[PDB]
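Here is the structure we will look at, set down as structure tokens.
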Amino acid sequence: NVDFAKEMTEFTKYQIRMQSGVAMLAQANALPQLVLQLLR
Amino acid sequence: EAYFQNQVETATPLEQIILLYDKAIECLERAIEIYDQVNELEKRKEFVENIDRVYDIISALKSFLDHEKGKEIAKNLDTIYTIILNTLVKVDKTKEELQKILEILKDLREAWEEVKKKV
């Protein structure tokens, strides 16, 4: 499993590097107050 | 190093995602550092606090996933986060497991960073 995730990541990091624009739509949707709380 | 929480209000949406990784990696590093010391009362308190934060952050990052426009990046991300989340709640999770999570979070954070400097 974590080995699986690990294998994924070796690929996925390339997806992000290579599809920047979609990486951002994917992930950069943070609500600012949540981030502030998680960063205490 | 500057207090992370203080950087939110000068952070782009992408810098906010990285700050969350930075924090998750720092907490995960601490939990690994004290994993063997958990027979001390305080060290076990600290350890669980830190696994909880790593969980809370990783579960936040999953909840921010846009599956509509995120496409396959979204789906893979969701898949990696779910494995992390599922490991982190294991009763019998091991030091090495946490190390590999740490390795993943760092590889992913560096990706995010590469995207940052292209922007």
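Labeling convention for the structure tokens: chains A, B, ... as they appear, residues from 1 per chain, ligands from 1 in order of appearance.
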Would you list the contacts of residue 7 in chain A as a list in words, taking every protein, DNA or RNA residue within 12 Å and counting only C-alpha atoms, but skipping same-chain residues closer than 4 positions in sequence?
-> residues 1, 2, 3, 11, 12, 13 and 14 of chain A; 76, 79, 80, 83, 100, 101, 103, 104 and 107 of chain B
Please identify every residue of chain B that has at least one atom no more than 9 Å from any atom of chain A, counting only C-alpha atoms, and report them as a PyMOL selection string.
-> chain B and resi 3-9+13-17+19-20+23+53+56-57+60-77+79-81+83-84+87+97-98+100-101+103-104+107-112+114-115+118
Where in chain A does DSSP assign alpha helix (DSSP H), given as a PyMOL selection string?
-> chain A and resi 2-18+20-27+32-38
Considering only C-alpha atoms, return as a list in words whatever protein or nucleic-acid residues lie within 12 Å of residue 43 in chain B, sequence-local ones (same chain, fewer than 4 positions apart) excluded.
-> residues 30, 31, 32, 33, 34, 35, 36, 37, 38, 39, 47, 48, 49 and 50 of chain B
d(CA of residue 54 in chain B, CA of residue 27 in chain B) in Å = 6.3 Å
Work out how far apart CA of residue 58 in chain B and CA of residue 21 in chain B are and give it in Å to one decimal.
->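 Separation of CA of residue 58 in chain B and CA of residue 21 in chain B: 8.4 Å.
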